[PDB]
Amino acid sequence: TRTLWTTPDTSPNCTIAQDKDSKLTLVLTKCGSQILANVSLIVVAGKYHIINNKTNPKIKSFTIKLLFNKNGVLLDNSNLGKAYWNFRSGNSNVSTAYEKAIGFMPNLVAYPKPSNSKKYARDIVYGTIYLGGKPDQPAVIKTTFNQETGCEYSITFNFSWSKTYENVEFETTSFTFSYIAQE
């Protein structure tokens, strides 16, 4: 119960543009007041599988959203499928869907929901990953905490790029970050 994850296999678990077009590998490990997070993405099919910005000059970003309720349970409007998200058991998941994971949620005082008051940038973490592990193929992973509606907590990953890629498969190196835990 110290780690929530997607099993680190390559079986698609995520829907960006079409059903099960991607494998998000996300590992959240609770180190007390902070969650240590490790993320990568493999797009296996559909619109975002092979990037060609000569053909499609405006296809330059997409977003994967994890939406959680008050008990830290994943909501079905999330891009990541519910069947694929649970506490670790060996290299797999527990057979039983978890009921509570509030200790893994992003802190609401650190990262408040949208309101009429001033919005601060500290609810964002920026990182760069590399497509196909090539050092000349950067893309930005923007991670934002608790900025989605229709939920109590959220983690969203926005992937974007500024270079003009021609026939580049969207599968990434890994990135580590952390965030302040709710409890």
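Residues carry their position along the shown sequence, with the first being 1. The term rigid core refers to the most C-alpha atoms you can superpose between the two forms while keeping them within 1.5 Å.
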For this session: Kindly name the stretch, out of 114 to 122 and 36 to 44, whose CA atoms are displaced more from this form in 9 other deposited structures of this protein after the core superposition?
Result: 114 to 122
Seminar exercise, completed: Stretch with higher mean Cα temperature factor, 55 to 63 vs 34 to 42, is 55 to 63
Exercise. For the stretches 115 to 123 and 148 to 156, which has the higher mean C-alpha B-factor as given in the deposited record?
Worked result: 115 to 123
Problem set entry | Residue of maximum C-alpha B factor among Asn167, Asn13, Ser162, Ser174, per deposited coordinates | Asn167
Exercise. Compared with the other modelled residues in the chain, in which third is the CA B-factor of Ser178?
Worked result: lowest
Problem set entry | Chain thirds of CA B-factor: placement of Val73 | middle
For this session: Quick one: classify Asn91 as lowest, middle or highest third of the chain based on its Cα B-factor.
Result: highest
Problem set entry | Third assignment of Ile102 from its chain's C-alpha B-factors | highest
Exercise. Would the CA B-factor of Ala110 place it in the lowest, middle or highest third of its chain?
Worked result: middle
